[PDB]
Amino acid sequence: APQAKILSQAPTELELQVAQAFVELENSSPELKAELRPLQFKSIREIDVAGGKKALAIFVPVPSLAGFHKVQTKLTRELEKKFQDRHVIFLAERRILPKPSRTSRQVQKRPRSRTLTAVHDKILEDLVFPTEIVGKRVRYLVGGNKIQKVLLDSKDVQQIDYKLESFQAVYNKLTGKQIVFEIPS
RNA sequence: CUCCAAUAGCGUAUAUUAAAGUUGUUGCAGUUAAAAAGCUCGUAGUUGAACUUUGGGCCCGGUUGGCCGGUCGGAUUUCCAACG
C-alpha cells in the first residue's frame with residue numbers, strides 16, 4: 001500500500017491519517033500526479049496551541065523541501081479542511097551536531113549548517129514559509145529573559161495572519177525561545 | 001645673658017631609599033615651558049572585526065498560557081507548565 005511507504009517502518013496511526021489525506025489528492029489529481037508522487041515526509045508531532053486549536057508539524061527529509069515548497073500553499077488548504085481544529089506546517093528534519101569540547105573530540109569538522117544556532121534560524125524561515133523575514137530583533141529584558149521578534153513581509157501575509165498564535169507555540173516546543181511576530185507596514 | 005630641639009648622645013661628610021606622578025606597568029610629558037623623525041614605503045616586533053548548543057533538587061523575581069473579573073477599553077495576583 002502507498003500509505004505505508006511514506007512513514008519510516010511501522011509507526012504510526014496518525015501517520016496514516018495524513019497519508020490518506022495525500023492519496024485523496026493523488027487519486028483526484030488535477031495536476032498533482034506530476035508533483036505529489038515523489039513527495040514524502042518523515043513524522044508528525046502534535047503541538048497544543050495555546051488556543052483551542054492544535055498544530056501539525058510535517059517533517060521533510062530535505063533533499064525535498066524545495067519540492068514541498070512548490071505545492072506548500074495549496075496542500076495546506078487540503079489538509080486544514082479534512083483535519084479540523086488543526087494548523088498544518090512543514091518543517092525539514094535537520095541534524096544538529098554537538099559543539100566539540102576540549103575533551104569531547106571527533107573526526108570530520110562540523111559544518112556551520114549543523115550548528116544549533118543555524119538550525120533554529122532555519123526553523124523560523126520554514127515555519128512561516130511565504131512572507132520572507134525582513135528582520136529580527138532580540139530584547140534582553142530587565143528581569144533576564146530574552147524575547148525574539150520576527151519581522152515579516154507585509155505582502156501575502158493573509159495566508160498565515162491567523163497562525164501567528166500557533167507559530168509561537170510551535171517554536172517554543174522545539175527551541176524553548178519566546179517569539180513575537182510583528183508586521184511592519 | 002636668656003631661650004629652643006634631641007639627649008648619653010648630638011653634629012658633619014659621602015652613598016643610598018622615601019620624598020620623586022623628577023623614570024611614570026600601576027603612573028609623567030611632547031601647540032607655545034625640554035621634547036612629534038621633512039615625508040612616504042617597509043622587514044623583525046607589537047596589535048588585530050564578527051560568527052560555531054541550555055540536564056540534580058529546593059527558595060526568589062519577573063513573561064508569556066489559560067482555569068479564573070472584581071469592574072465601570074484598562075484595575076489585583078495566586079495553584080500549575082517551561083522560559084531563560
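Residues numbered from 1 in each chain as written, not as in the entry; some residues may be left out. Chains lettered and ligands numbered in written order. Part of a larger assembly, values for the part shown. Heavy atoms only, no water.

- As stated in the entry header, the method of structure determination is cryo-EM and the reported resolution is 3.0 Å.

- Per the PDB entry, the recorded name for chain A is 40S ribosomal protein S7-A, and the organism is Saccharomyces cerevisiae.
- The title assigned to this entry in its PDB record is "Mbf1-ribosome complex".
- Turning to chain A, the UniProt annotation filed under Sequence similarities states: "Belongs to the eukaryotic ribosomal protein eS7 family." (UniProt positions renumbered as here; feature names shortened; annotations may be inferred.)

1. Looking at the sheet that holds strand β6 (residues 178-182)
Whenever strands of a sheet pair, they do so through backbone hydrogen bonds, lying parallel or antiparallel.
(1) Moving on: On the basis of which strands lie adjacent, the open sheet formed by 3 strands has the order β4-β5-β6 and mixed pairing. Edge strands, defined here as strands with exactly one partner in the open sheet, are β4 (133-140) and β6. When strand polarity is set aside, the average angle formed by the axes of neighbouring strands in this sheet is 25 degrees.
(2) Moving on: Sheet analysis places β4 next to strand β5 (residues 146-152), joined by 7 bridges and oriented antiparallel. Across the sheet, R137 pairs through a bridge with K149, a residue of β5.
(3) Moving on: Sitting on the sheet, helix α4 (residues 116-127) touches β4, β5 and β6, and the angle it makes with β4 is about 130 degrees. (Pairing = 2+ DSSP bridges. Helix = DSSP H or I, 4+ residues; strand = E, 2+ residues; numbered from the N terminus. Axes fitted to C-alpha atoms, helices over the stretch in contact; angles between N-to-C directions. Contact = heavy atoms within 4.5 Å.)

2. Section: the protein's contact with RNA strand B
(1) Moving on: Inspection of the region around RNA strand B gives 16 residues, with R110, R112, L116, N145 and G176 positioned closest.
(2) Moving on: At the protein interface, 55% of the atoms of RNA strand B within 4 Å belong to sugar or phosphate.
(3) Moving on: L116 places a main-chain nitrogen or oxygen 2.7 Å from a phosphate oxygen of RNA strand B.
(4) Moving on: Within the side chain of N145, a nitrogen or oxygen atom sits 3.0 Å from a base nitrogen of RNA strand B.
(5) Moving on: Class assignment for the residues of the surface near RNA strand B results in 5 nonpolar, 8 polar and 3 charged. (Near = heavy atom within 4 Å. Polar contact = N/O pair within 3.5 Å; in protein donor to acceptor, adjacent residues only side chain to side chain. Nonpolar A, V, L, I, M, F, W, Y, C, P; charged D, E, K, R; others polar.)

3. A look at helix α1 (residues 13-26)
(1) Moving on: Between its first and last C-alpha, α1 extends 20 Å over 14 residues, near the 20 Å set by a 1.5 Å rise per residue.
(2) Moving on: What α1 keeps buried is the set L14, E15, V18, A19, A21, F22 and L25. Mapping the buried residues of α1 onto a view down its axis gives an arc of 155 degrees, with all of them on the same face. What points out from α1, more than 90 degrees from its buried face, is the exposed set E13 and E24.
(3) Moving on: Residues of α1 that are buried in the fold lie against β1 (43-48), β2 (54-60), α2 (65-68) and α3 (72-80). (Expected span 1.5 Å × (residues − 1). Buried < 20%, exposed > 50% of the residue type's maximum accessible area, 1.4 Å probe, protein only. Arc of directions from axis to C-beta.)

4. Thoughts on the packing of aromatic side chains
(1) Moving on: One pass over the structure, following the stated rule, counts 3 aromatic pairs.
(2) Moving on: An angle of 85 degrees between the planes, with centres 5.7 Å apart, marks the rings of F22 and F41 as edge-to-face. Of this pair, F22 sits in helix α1 while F41 sits in the loop between α1 and β1, placing them 19 residues apart in sequence.
(3) Moving on: Given the relative accessible area of 9%, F22 is considered buried.
(4) Moving on: Between the aromatic rings of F167 and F181, the centroid separation amounts to 6.2 Å while the plane-to-plane angle is 70 degrees, which identifies the pairing as edge-to-face. With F167 in helix α5 (residues 164-175) and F181 in strand β6, this residue pair connects regions lying 14 residues apart in the sequence. (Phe/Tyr/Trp six-rings, centres within 6.5 Å; stacked < 30°, edge-to-face > 60°.)

5. Observations concerning the nonpolar core
(1) Moving on: Core analysis: the biggest nonpolar cluster contains 23 residues, and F41, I44, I58, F68, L75, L79 and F90 have the highest contact counts within it.
(2) Moving on: For this core, the secondary-structure elements that each account for two or more residues are α1, β2, α2, α3 and β3 (86-92).
(3) Moving on: Ranked by the residues each element gives to this core, the list is headed by α1, at 5 residues.
(4) Moving on: Once you skip the residues sitting within four places of it in the chain, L79 turns out to touch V18, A21, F22 and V88.
(5) Moving on: Membership of the second largest hydrophobic core comes to 21 residues, among which are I47, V128, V150 and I160. (Core = buried A, V, L, I, M, F, W, Y, C linked by side-chain atoms within 4.5 Å.)

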